[PDB]
Amino acid sequence: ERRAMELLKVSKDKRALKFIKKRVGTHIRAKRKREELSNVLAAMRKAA
Amino acid sequence: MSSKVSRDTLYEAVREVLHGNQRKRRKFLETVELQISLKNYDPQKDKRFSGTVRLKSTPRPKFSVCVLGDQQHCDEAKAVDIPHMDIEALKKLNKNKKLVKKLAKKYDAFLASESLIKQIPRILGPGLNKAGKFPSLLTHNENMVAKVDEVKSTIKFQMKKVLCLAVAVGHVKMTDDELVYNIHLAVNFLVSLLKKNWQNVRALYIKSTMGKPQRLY
Amino acid sequence: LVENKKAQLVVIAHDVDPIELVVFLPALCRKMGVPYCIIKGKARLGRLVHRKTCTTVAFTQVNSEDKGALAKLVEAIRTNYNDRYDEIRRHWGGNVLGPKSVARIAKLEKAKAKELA
Amino acid sequence: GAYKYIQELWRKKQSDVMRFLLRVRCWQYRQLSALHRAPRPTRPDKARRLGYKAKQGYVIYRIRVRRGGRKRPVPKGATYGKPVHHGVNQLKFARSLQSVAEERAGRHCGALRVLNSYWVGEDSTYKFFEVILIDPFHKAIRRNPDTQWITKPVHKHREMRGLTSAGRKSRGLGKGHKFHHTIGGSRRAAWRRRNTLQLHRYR
RNA sequence: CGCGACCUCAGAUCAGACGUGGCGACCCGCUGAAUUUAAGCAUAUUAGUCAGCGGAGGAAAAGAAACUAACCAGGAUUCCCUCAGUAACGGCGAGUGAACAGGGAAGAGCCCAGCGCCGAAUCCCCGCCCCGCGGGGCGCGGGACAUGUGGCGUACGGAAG
RNA sequence: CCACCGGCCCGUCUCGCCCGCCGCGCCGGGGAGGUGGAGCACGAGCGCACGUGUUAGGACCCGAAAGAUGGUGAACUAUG
RNA sequence: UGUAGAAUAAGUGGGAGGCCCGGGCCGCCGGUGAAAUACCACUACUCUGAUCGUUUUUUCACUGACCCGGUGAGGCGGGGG
Ligand SMILES: [Mg+2]
Ligand SMILES: [Mg+2]
Ligand SMILES: [Mg+2]
Ligand SMILES: [Mg+2]
Ligand SMILES: [Mg+2]
Ligand SMILES: [Mg+2]
Ligand SMILES: [Mg+2]
Ligand SMILES: [Mg+2]
Ligand SMILES: [Mg+2]
Ligand SMILES: [Mg+2]
Ligand SMILES: [Mg+2]
Ligand SMILES: [Mg+2]
Ligand SMILES: [Mg+2]
Ligand SMILES: [Mg+2]
Ligand SMILES: [Mg+2]
Ligand SMILES: [Mg+2]
């Protein structure tokens, strides 16, 4: 989760979701995990 | 990294690049430039782009067209007053090498009859094929009205071997709707060639003749 | 009671050996605004409840006299725990090397002082 | 009220607060013996949802097992068979390690009855389970008639007939299209009814 | 330094109670070949069986869907006839081999963790009476379990107020 | 009943034009030939029993050198 | 930095005008070659330069997991004499 937040913070959602597909089971759970990490990262570093 | 080909973001970028520095107004009638930067191509083997894009609104100048041949075709050339030159003065163009490029730079688009394409790369050899301006072969008794009408608007999409291509799509004294319609007729050749999507364009630049560059939103 | 905001004062014992039984309570009382105090000796909470281990004591309701004493306690407890929570949450406790090794590194530091000055 | 927070704090077990406790407990349980009697459970809610009601007679054992799929016991790699069976190094031994721990705890203390078990720790080689044991002849369990089923004598040694939670999951029984392999009772009962060639008086 | 409280623990010919060993025809959990077949033989087959080990009762196991289906839908488990020598597996060879629909036999559903409400309203042990036999069960005082969670109300068909 | 021709259904192939319209379409239906089929072309099965033959079963009877599983032996002999 | 061109031509494409205060400079023309600049945009390698970082490799180092020895676990490390 911590290194996926860095990769989805800077680089690319494609590489991020490919890493999540490697680490958890399949593509659907990877989609929800991606959206949850995107919401958490957006709330954290857009809450100023 | 985000890129659309959407109409209002095309037209808004046209309005921004026109309104840049107030009106960057100088004594020449400004032309509109389009740069396409492309991604994920290998034209080293089999990926060169070369076609004829006929811009529907207006191609700045009514193009300087020179036709070489002889028949009723050349009588219609003298009827339209297309600058047409005969066999004897072609063999006069044989005699000097710079005399080839004196008629090549002053006249933009080259059309030539079917009968003379055997002779033309002997006289006009070093100029046209190496510079890119080799003439187009024609029908022996063709109606030149529709040919000149299409050649007035037909530019060439030649991405060569390099990764990037700029073309002029008209002038600023046109309406901006005609300008954005020329930009759509430019990008339609990209979406017609490429198989997957328009994602080979991460960024394409809209410019004036010398105005500031605008990334397409 | 802390969820439904009835608790005036939450007493948390120190010595709970599965600490998972407790470790939600400080941040939870921090969110819900109820002041909490960590007191040492979980057997010492048992002698007031007639039992061995007690782990937690809730204060919700007070008598007439004890209100001023309870508020006097709550003021110092809010000074200690709740208002310093953002301070406490970033401290990493421990990381203390063995005293023989600390003495050896300090002796080598005196050797470094002998090399320099 | 608070066991929900207990369960959720134990739920995301890879975070930094819990894995310190897990590492300390793995070292703690590795330095002790193989089987002994913890006085009280280390996962109170998870032991409680398996049936631990903290009263007189519910014992908690902590038990330790070694990891790894089993090695075939033939000497010097000599199977004496076809090339199907020469594979000494790679067999996995169907039963789960949780049911192995339940077997060892029960047959070390055969006087008790095994209710269930759960995970508490692992580091490299040793894997750690805690097993709840119900006393059969204490009066607190021989009364209270919701509980008398384990005192009923058909439940001697549930762990070796595989009636526990890990036992059912090892035997592989459910319903539906993913379980035609054992149609009724067990795979041997299914095999019995399918290959028993049935013959009536009239044919 | 002493004392006290727990927490981890040991000891005892401590008070009381329990497990071991057998028979194994049927059942349950694991382990597990090879003859043979294929005209040879390596996968296959013999078979997840003989042998081995551990368990259990008069039955055991299974069981109230993380189901079957795809249309006018059925409805825990078990057993029989059909499905069917079929779909399928297989040096696609020898051979292997189901299941839901259908009709019968039997008919049965339930509880707890969680959640919250009830002042621990709960249980065990000891001691005195209580009572009537063939023989043991309710009530009253003091020692414990237990607040790291007894009991009542409560289960996904909704439940509580 | 035999022999042949003609007919019909299904799969494919070839050549062709017409019709239908719960919706006008890379939609259906159709025609004429030559072919593959365990077909139709007024149905003959099903159940029982007996006989013969073939196959799987210890299978007409007896027969091996082998292989696997699990155990019992160092009282003769071998060597500490 | 093959050759020619005043000029190390990476490339495309617009292109007769651009820059600035009646005017000058650059470009056009001449001329090169096969391809020519002004003004303008992108696409590249060849190196330099800084860190929210990033990772693994390497270098040493500490000990608390783990391992190795010895004891009837007998004086260990600091600080005082
Ligand atoms: Mg106890
Ligand atoms: Mg059961
Ligand atoms: Mg028959
Ligand atoms: Mg033979
Ligand atoms: Mg042989
Ligand atoms: Mg098999
Ligand atoms: Mg046997
Ligand atoms: Mg026995
Ligand atoms: Mg019996
Ligand atoms: Mg249910
Ligand atoms: Mg049949
Ligand atoms: Mg089989
Ligand atoms: Mg053999
Ligand atoms: Mg042998
Ligand atoms: Mg043997
Ligand atoms: Mg002897």
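Based on alpha carbons, the Rg and Dmax found for segment D:109-183 are 15.7, 45 Å. From the Cα gyration tensor of the protein assembly as shown, with a ≥ b ≥ c the square roots of its eigenvalues, which class applies: rounded if a/c is under 1.5, or else prolate if a/b is larger than b/c, or else oblate? Because a/c hits 1.5 or more and a/b exceeds b/c, the protein assembly as shown counts as prolate.
What does the charge count near B:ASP176 come to, summing +1 for each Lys or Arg and -1 for each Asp or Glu among other residues with Cβ under 14 Å from its Cβ?
Neighbour charge sum, excluding B:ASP176 itself: -2.
Exposure proxy shown here: for C:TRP92, D:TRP10, the number of other Cβ atoms within 10 Å sets the order, fewest to most, as C:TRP92, D:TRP10. Pair-distance distribution of segment B:24-112: all C-alpha pairs, bin width 5 Å, starting at 0; shares per bin in whole percent are 3, 9, 14, 15, 14, 14, 13, 11, 7, 2, 0. Each residue of segment C:10-18 was assigned a 3J(HN,Hα) from its phi angle through the Karplus curve 6.51 cos²θ - 1.76 cosθ + 1.60 (θ = phi - 60°); the sequence is 10, 9, 10, 6, 7, 9, 6, 6, x Hz, with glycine and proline shown as x. Exposure proxy for B:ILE123, A:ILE28: other Cβ atoms within 10 Å of each Cβ, ordered fewest to most, give A:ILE28, B:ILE123. Using every pair of distinct Cα positions in chain A, the Kirkwood expression returns a hydrodynamic radius of 10.7 angstrom. A simple spin-label model places the labels of B:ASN96 and D:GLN28 10.3 nm from each other, with each point 7 Å out along Cα-to-Cβ.
Residues within the reach of a label modelled at C:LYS6 (point 7 angstrom out along Cα to beta-carbon, backbone nitrogen below 12 Å), restricted to segment C:43-80, are C:58-61.
For peptide D:11-22, the mean count of partner chain Cβ atoms within 10 Å of a residue's Cβ comes to 1. Each label point was placed 7 Å from the Cα along the Cα-to-Cβ direction; for B:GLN35 and A:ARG3 their separation is 3.8 nm.
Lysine pair count for segment D:78-203 (Cα-Cα distance under 22 Å; residues 8 or more apart in sequence or on different chains): 9.
Mind jotting down the distance between the C-alpha centroids of segment D:24-38 and segment C:79-105, whole Å? Their Cα centres are 28 Å away from one another.
Taking the number of Cβ atoms within 10 Å of each Cβ as an exposure proxy, the fewest-first ranking of B:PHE63, D:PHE128, D:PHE20 is D:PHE20, B:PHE63, D:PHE128.
Let me make sure I get this right: for segment C:6-117, a, b and c are the square roots of the gyration tensor eigenvalues over alpha carbons, sorted descending. Under 1.5 in a/c it's rounded, otherwise prolate if a/b > b/c, else oblate. Which is it?
Note, shape of segment C:6-117 comes out prolate.
A crude spin-label estimate for the pair B:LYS130 and B:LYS78, with each label 7 Å from Cα along the Cβ direction, gives 3.5 nm. Taking one equal scatterer on every alpha-carbon of segment D:54-203, how large is log10 of I(q)/I(0) by Debye at q = 0.09, 0.14, 0.17, 0.18 1/Å? Results for segment D:54-203 at q = 0.09, 0.14, 0.17, 0.18 Å⁻¹ read -0.45, -0.90, -1.10, -1.15.
Averaging the Cα positions of each part gives two centres, and for segment B:129-193 and segment C:3-61 these lie 81 Å apart.
When the convex hull of the Cα atoms of segment B:6-162 is projected onto a plane and the area is averaged over all directions, what value comes out in nm²?
For segment B:6-162, averaging the hull's shadow over all directions gives 13.0 nm².
Summary of the geometry: segment B:1-54 and segment D:107-152, compared by the centres of their Cα atoms, lie 77 Å apart.
Each stretch of four or more DSSP H residues adds -39500 (n - 2.57); spread over every residue of chain C, this sum gives -10500 deg cm²/dmol at 222 nm. Near D:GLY57: Cβ cut-off under 10 Å, other residues only, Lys/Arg at +1 and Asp/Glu at -1. The net charge is +3. Over the residues of chain B, the helix contribution to mean residue ellipticity at 222 nm works out to -10000 deg cm²/dmol, using -39500 (n - 2.57) for each DSSP H run of at least 4.
Normalised by the number of residues in chain D, the mean separation of alpha-carbon contacts (under 8 Å, six or more apart) gives a relative contact order of 19 percent.
Bear in mind that the values in this text are calculations on the coordinates, not laboratory data. Cβ sites come from the backbone with ideal geometry, for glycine too, and all protein chains shown count toward neighbours.
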